[PDB]
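What's in query.pdb: PDB, C-alpha atoms
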```
MODEL        1
ATOM      1  CA  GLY H   1     145.033 -21.929 120.775  1.00  0.00           C
ATOM      2  CA  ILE H   2     143.073 -20.244 118.020  1.00  0.00           C
ATOM      3  CA  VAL H   3     139.538 -21.426 117.352  1.00  0.00           C
ATOM      4  CA  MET H   4     138.445 -19.043 114.616  1.00  0.00           C
ATOM      5  CA  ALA H   5     140.161 -16.123 112.898  1.00  0.00           C
ATOM      6  CA  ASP H   6     138.637 -13.809 110.286  1.00  0.00           C
ATOM      7  CA  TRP H   7     137.898 -10.260 109.282  1.00  0.00           C
ATOM      8  CA  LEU H   8     134.800  -9.032 110.998  1.00  0.00           C
ATOM      9  CA  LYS H   9     132.835  -5.851 110.688  1.00  0.00           C
ATOM     10  CA  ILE H  10     132.413  -4.068 113.983  1.00  0.00           C
ATOM     11  CA  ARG H  11     130.357  -1.090 115.076  1.00  0.00           C
ATOM     12  CA  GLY H  12     129.680   0.926 118.185  1.00  0.00           C
ATOM     13  CA  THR H  13     127.273   3.769 118.835  1.00  0.00           C
ATOM     14  CA  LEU H  14     128.068   5.266 115.482  1.00  0.00           C
ATOM     15  CA  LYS H  15     126.501   3.865 112.327  1.00  0.00           C
ATOM     16  CA  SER H  16     129.995   3.384 110.927  1.00  0.00           C
ATOM     17  CA  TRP H  17     131.502  -0.087 110.471  1.00  0.00           C
ATOM     18  CA  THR H  18     135.150  -0.926 110.844  1.00  0.00           C
ATOM     19  CA  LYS H  19     136.775  -4.035 109.431  1.00  0.00           C
ATOM     20  CA  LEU H  20     139.141  -5.586 111.913  1.00  0.00           C
ATOM     21  CA  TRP H  21     141.038  -8.788 112.438  1.00  0.00           C
ATOM     22  CA  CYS H  22     139.576 -10.834 115.211  1.00  0.00           C
ATOM     23  CA  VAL H  23     141.005 -13.933 116.819  1.00  0.00           C
ATOM     24  CA  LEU H  24     138.807 -16.216 118.851  1.00  0.00           C
ATOM     25  CA  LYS H  25     140.485 -18.373 121.459  1.00  0.00           C
ATOM     26  CA  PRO H  26     139.354 -19.702 124.808  1.00  0.00           C
ATOM     27  CA  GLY H  27     137.943 -16.931 126.960  1.00  0.00           C
ATOM     28  CA  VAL H  28     138.837 -14.017 124.696  1.00  0.00           C
ATOM     29  CA  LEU H  29     138.140 -12.300 121.429  1.00  0.00           C
ATOM     30  CA  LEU H  30     141.278 -10.544 120.378  1.00  0.00           C
ATOM     31  CA  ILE H  31     140.972  -7.619 118.050  1.00  0.00           C
ATOM     32  CA  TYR H  32     143.712  -6.362 115.754  1.00  0.00           C
ATOM     33  CA  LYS H  33     143.930  -3.990 112.829  1.00  0.00           C
ATOM     34  CA  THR H  34     145.615  -6.553 110.602  1.00  0.00           C
ATOM     35  CA  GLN H  35     146.265 -10.262 110.509  1.00  0.00           C
ATOM     36  CA  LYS H  36     149.867  -9.432 109.857  1.00  0.00           C
ATOM     37  CA  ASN H  37     151.894  -7.436 112.348  1.00  0.00           C
ATOM     38  CA  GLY H  38     148.586  -6.354 113.792  1.00  0.00           C
ATOM     39  CA  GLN H  39     148.347  -3.481 116.169  1.00  0.00           C
ATOM     40  CA  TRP H  40     146.245  -4.633 119.089  1.00  0.00           C
ATOM     41  CA  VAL H  41     142.993  -2.748 119.406  1.00  0.00           C
ATOM     42  CA  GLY H  42     141.312  -4.472 122.332  1.00  0.00           C
ATOM     43  CA  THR H  43     140.454  -7.755 123.965  1.00  0.00           C
ATOM     44  CA  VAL H  44     136.923  -8.800 124.797  1.00  0.00           C
ATOM     45  CA  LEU H  45     136.591 -10.991 127.853  1.00  0.00           C
ATOM     46  CA  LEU H  46     133.959 -13.507 126.899  1.00  0.00           C
ATOM     47  CA  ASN H  47     133.453 -14.426 130.534  1.00  0.00           C
ATOM     48  CA  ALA H  48     131.723 -11.115 130.973  1.00  0.00           C
ATOM     49  CA  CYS H  49     129.491 -11.416 127.934  1.00  0.00           C
ATOM     50  CA  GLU H  50     126.233 -12.732 126.657  1.00  0.00           C
ATOM     51  CA  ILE H  51     125.455 -12.986 122.973  1.00  0.00           C
ATOM     52  CA  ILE H  52     122.367 -12.125 121.028  1.00  0.00           C
ATOM     53  CA  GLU H  53     121.339 -11.987 117.379  1.00  0.00           C
ATOM     54  CA  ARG H  54     120.809  -8.502 115.993  1.00  0.00           C
ATOM     55  CA  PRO H  55     118.903  -8.613 112.727  1.00  0.00           C
ATOM     56  CA  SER H  56     119.416  -5.481 110.659  1.00  0.00           C
ATOM     57  CA  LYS H  57     119.244  -3.522 107.398  1.00  0.00           C
ATOM     58  CA  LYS H  58     122.926  -3.862 106.543  1.00  0.00           C
ATOM     59  CA  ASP H  59     123.170  -7.412 107.703  1.00  0.00           C
ATOM     60  CA  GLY H  60     125.450 -10.010 106.202  1.00  0.00           C
ATOM     61  CA  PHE H  61     124.716 -11.730 109.478  1.00  0.00           C
ATOM     62  CA  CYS H  62     124.519  -9.531 112.575  1.00  0.00           C
ATOM     63  CA  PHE H  63     124.941 -10.206 116.299  1.00  0.00           C
ATOM     64  CA  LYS H  64     125.638  -8.414 119.566  1.00  0.00           C
ATOM     65  CA  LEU H  65     128.141  -9.117 122.347  1.00  0.00           C
ATOM     66  CA  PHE H  66     127.343  -7.431 125.670  1.00  0.00           C
ATOM     67  CA  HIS H  67     127.848  -7.221 129.395  1.00  0.00           C
ATOM     68  CA  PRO H  68     124.653  -8.130 131.190  1.00  0.00           C
ATOM     69  CA  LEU H  69     125.225  -5.431 133.805  1.00  0.00           C
ATOM     70  CA  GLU H  70     126.328  -2.886 131.185  1.00  0.00           C
ATOM     71  CA  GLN H  71     129.832  -2.888 132.529  1.00  0.00           C
ATOM     72  CA  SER H  72     133.137  -3.168 130.692  1.00  0.00           C
ATOM     73  CA  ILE H  73     133.810  -6.127 128.415  1.00  0.00           C
ATOM     74  CA  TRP H  74     137.367  -5.088 127.806  1.00  0.00           C
ATOM     75  CA  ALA H  75     140.657  -6.365 129.082  1.00  0.00           C
ATOM     76  CA  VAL H  76     142.824  -3.786 130.773  1.00  0.00           C
ATOM     77  CA  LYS H  77     146.027  -4.944 129.147  1.00  0.00           C
ATOM     78  CA  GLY H  78     147.101  -6.289 125.792  1.00  0.00           C
ATOM     79  CA  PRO H  79     148.037  -9.875 125.099  1.00  0.00           C
ATOM     80  CA  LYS H  80     151.621  -8.734 125.238  1.00  0.00           C
ATOM     81  CA  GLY H  81     151.108  -6.298 128.081  1.00  0.00           C
ATOM     82  CA  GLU H  82     150.271  -3.430 125.792  1.00  0.00           C
ATOM     83  CA  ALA H  83     149.276  -0.391 127.825  1.00  0.00           C
ATOM     84  CA  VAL H  84     146.976   1.207 125.309  1.00  0.00           C
ATOM     85  CA  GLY H  85     145.031   0.092 122.264  1.00  0.00           C
ATOM     86  CA  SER H  86     145.392   1.154 118.666  1.00  0.00           C
ATOM     87  CA  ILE H  87     143.162   3.993 117.551  1.00  0.00           C
ATOM     88  CA  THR H  88     139.843   3.137 115.993  1.00  0.00           C
ATOM     89  CA  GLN H  89     136.445   4.588 115.747  1.00  0.00           C
ATOM     90  CA  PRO H  90     135.243   4.765 119.311  1.00  0.00           C
ATOM     91  CA  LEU H  91     133.950   1.433 120.531  1.00  0.00           C
ATOM     92  CA  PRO H  92     131.446   0.944 123.377  1.00  0.00           C
ATOM     93  CA  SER H  93     132.514  -0.003 126.857  1.00  0.00           C
ATOM     94  CA  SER H  94     129.956  -2.699 127.348  1.00  0.00           C
ATOM     95  CA  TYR H  95     129.031  -4.101 123.945  1.00  0.00           C
ATOM     96  CA  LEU H  96     130.087  -4.864 120.394  1.00  0.00           C
ATOM     97  CA  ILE H  97     127.816  -5.167 117.413  1.00  0.00           C
ATOM     98  CA  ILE H  98     129.273  -7.627 114.956  1.00  0.00           C
ATOM     99  CA  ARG H  99     128.503  -8.701 111.437  1.00  0.00           C
ATOM    100  CA  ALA H 100     130.344 -11.161 109.258  1.00  0.00           C
ATOM    101  CA  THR H 101     130.591 -10.427 105.556  1.00  0.00           C
ATOM    102  CA  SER H 102     128.629 -13.534 104.683  1.00  0.00           C
ATOM    103  CA  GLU H 103     125.585 -14.707 106.579  1.00  0.00           C
ATOM    104  CA  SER H 104     126.841 -18.259 106.717  1.00  0.00           C
ATOM    105  CA  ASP H 105     130.120 -17.008 108.102  1.00  0.00           C
ATOM    106  CA  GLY H 106     128.211 -14.943 110.625  1.00  0.00           C
ATOM    107  CA  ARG H 107     126.299 -17.943 111.863  1.00  0.00           C
ATOM    108  CA  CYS H 108     129.427 -20.003 112.421  1.00  0.00           C
ATOM    109  CA  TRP H 109     130.914 -17.152 114.413  1.00  0.00           C
ATOM    110  CA  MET H 110     127.863 -16.764 116.564  1.00  0.00           C
ATOM    111  CA  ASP H 111     127.584 -20.461 117.224  1.00  0.00           C
ATOM    112  CA  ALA H 112     131.300 -20.633 117.890  1.00  0.00           C
ATOM    113  CA  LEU H 113     131.096 -17.693 120.248  1.00  0.00           C
ATOM    114  CA  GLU H 114     128.544 -19.381 122.462  1.00  0.00           C
ATOM    115  CA  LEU H 115     130.981 -22.172 123.262  1.00  0.00           C
ATOM    116  CA  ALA H 116     134.011 -20.041 123.891  1.00  0.00           C
ATOM    117  CA  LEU H 117     132.001 -18.062 126.417  1.00  0.00           C
TER     118      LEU H 117
ENDMDL
END
```
Written as structure tokens, that's how I'd like the structure from this file.
Amino acid sequence: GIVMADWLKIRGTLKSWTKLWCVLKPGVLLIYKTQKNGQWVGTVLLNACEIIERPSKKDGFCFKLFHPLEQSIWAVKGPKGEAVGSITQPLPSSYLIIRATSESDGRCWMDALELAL
């Protein structure tokens, strides 16, 4: 039931950006290390999120996914029941900052995200 799938650049508290494979389908953003034989990193539950644009210095196009009550946006278990996620740079409990490599790509993602919410 995939709606969009692409590499996206993701950051947390740290200034560092990590390029990860994200699959958008109804209700969830699924994050993997690779498109192919991906190790599951985490799943964002869109039901718990709001989305806002986040204009910035390293931009491409930049937006923010967050829990309005600053609670967890993350699914407890993997799409295949995976107990624990693959190691990445530490990501925030209650938000993701996201930029697509191209601004036009970023805009489609953001617009797409609003629907899947």
task = Write out as a ChimeraX atom specification which residues come within 7 Å of residue 117 of chain H when counting only C-alpha atoms, dropping same-chain ones fewer than 4 positions away.
result = /H:27,46-47,113
message = Just want the 10 Å neighbourhood of residue 43 of chain H, counted on only C-alpha atoms, with same-chain residues fewer than 6 positions away dropped. Output as a list in words.
response = residues 22, 23, 27, 28, 29, 30, 31, 32, 73, 74, 75, 76, 77, 78, 79 and 85 of chain H
Please produce a file of the residues just selected, as a PDB file, in the coordinates of the input, where the atoms kept are C-alpha atoms.
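Below is the file that was written, part_18.pdb:
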```pdb
ATOM      1  CA  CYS H  22     139.576 -10.834 115.211  1.00  0.00           C
ATOM      2  CA  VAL H  23     141.005 -13.933 116.819  1.00  0.00           C
ATOM      3  CA  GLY H  27     137.943 -16.931 126.960  1.00  0.00           C
ATOM      4  CA  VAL H  28     138.837 -14.017 124.696  1.00  0.00           C
ATOM      5  CA  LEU H  29     138.140 -12.300 121.429  1.00  0.00           C
ATOM      6  CA  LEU H  30     141.278 -10.544 120.378  1.00  0.00           C
ATOM      7  CA  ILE H  31     140.972  -7.619 118.050  1.00  0.00           C
ATOM      8  CA  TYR H  32     143.712  -6.362 115.754  1.00  0.00           C
ATOM      9  CA  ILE H  73     133.810  -6.127 128.415  1.00  0.00           C
ATOM     10  CA  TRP H  74     137.367  -5.088 127.806  1.00  0.00           C
ATOM     11  CA  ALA H  75     140.657  -6.365 129.082  1.00  0.00           C
ATOM     12  CA  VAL H  76     142.824  -3.786 130.773  1.00  0.00           C
ATOM     13  CA  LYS H  77     146.027  -4.944 129.147  1.00  0.00           C
ATOM     14  CA  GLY H  78     147.101  -6.289 125.792  1.00  0.00           C
ATOM     15  CA  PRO H  79     148.037  -9.875 125.099  1.00  0.00           C
ATOM     16  CA  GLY H  85     145.031   0.092 122.264  1.00  0.00           C
TER      17      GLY H  85
END
```
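Restricting the calculation to only C-alpha atoms, the smallest distance between residue 42 of chain H and any of H:98, H:69, H:20, H:62 is found for H:20.
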message = Which residues are near segment 57-61 of chain H? Cut-off 10 Å, all atoms listed in the file, ignore same chain within fewer than 4 positions. Put them as an MDAnalysis selection string.
response = chainID H and resid 9 53 98:110
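Using all atoms listed in the file, the nearest neighbour of residue 25 of chain H within the list H:41, H:5, H:48, H:64 is H:5.
With distances taken over only C-alpha atoms, H:97 is the one residue among H:83, H:97, H:45, H:112 lying closest to residue 18 of chain H.
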message = Between atom CA of residue 16 of chain H and atom CA of residue 35 of chain H, what is the distance in Å, rounded to a tenth?
response = 21.2 Å
